[PDB]
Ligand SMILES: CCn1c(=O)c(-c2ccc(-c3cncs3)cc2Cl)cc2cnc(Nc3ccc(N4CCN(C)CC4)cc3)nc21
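Before any questions on how it binds or moves, here is one chain, the form deposited without the named molecule, in structure tokens.
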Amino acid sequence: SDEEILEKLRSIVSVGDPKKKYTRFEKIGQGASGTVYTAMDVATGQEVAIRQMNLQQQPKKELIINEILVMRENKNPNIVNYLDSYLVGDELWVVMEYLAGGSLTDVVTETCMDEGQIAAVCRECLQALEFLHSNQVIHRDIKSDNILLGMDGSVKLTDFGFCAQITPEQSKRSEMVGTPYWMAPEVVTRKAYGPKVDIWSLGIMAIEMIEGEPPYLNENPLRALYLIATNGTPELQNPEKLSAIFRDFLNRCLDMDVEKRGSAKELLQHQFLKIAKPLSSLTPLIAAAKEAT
């Protein structure tokens, strides 16, 4: 009930108006997710990202409540920090830390990452996934667009609008929520998928870092899914150009047999991650992609 939803949100949020706590707002996005602004927390100095949503015109308010509750109880260095929330009438405000280095998408479409840089990003993403999976949370929409970067090269996962919480019982999901091009075959070829769908998506993200886009980006999403389900593990355009350990890492992330596919815990031990360069090695790419917008 819209009424119950407001009472639930009322219990979650901090009290009052945020217009006092933040100052130099600046409107960025304005999609259907609500209006996003950059602003400054006046008491800590921290620059933040604030999403304002008019509730009565928000579709699935339960997903928003789920998102806040999951973020609040699953804080981690590799996840964009959820800071606070406020409700002013039917206006809901969600405050997140702001990362000034844009997203991984900007980097893969505007620059050329070397293997040491790719290994670093893959490691940081796997750290977030091991943490989430160990806490029974499946992100379900892993893709470069959901990987935000700090100017210092910090790598953090965001957008928990489609996550799932599982248990011993209800250990598998079946709802199709992810972005087509990054979806694991089992999301389609069957029902009941588990945490490893995020590992598959990470593998597609690695392909993005190598080739600039996920396989089949050129195709209608509807056709991509059929291809993903019928072609299975994607073929690289120039596999010979990659080191043997990077090819092995990709093979483990993109295996068709879910049981065979690596888990986050297993992949954090992979030798490909050991060639990772310091995260600050990403700063030049981030700066280049920020300028080339």
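We number the residues from 1 along the sequence you see.
Here the subject shifts to the form solved in complex with the named molecule, a form of this protein not shown in this document.
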Listed range touching the named molecule, judged in the bound PDB entry by heavy atoms within 4.5 Å, from 45-53, 258-266, 225-233, 245-253: 45-53
All of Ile204, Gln271 and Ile275 within 4.5 Å of the named molecule in the bound PDB entry, heavy atom check: no
Contact assignment for the named molecule in the bound PDB entry, among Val80, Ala184, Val121, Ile210, heavy atom within 4.5 Å: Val80
Interface residue in the bound PDB entry among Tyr193, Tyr98, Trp200, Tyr86, criterion: non-hydrogen atom within 4.5 angstroms of the named molecule: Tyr98
Heavy atom of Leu148 within 4.5 Å of the named molecule in the bound PDB entry: yes
Distance check, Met71 to the named molecule in the bound PDB entry, heavy atom within 4.5 Å: yes
Residue contact check: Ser103 to the named molecule in the bound PDB entry, 4.5 Å heavy atom: yes
Touches the named molecule in the bound PDB entry: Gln117 (any heavy atom, 4.5 Å): no
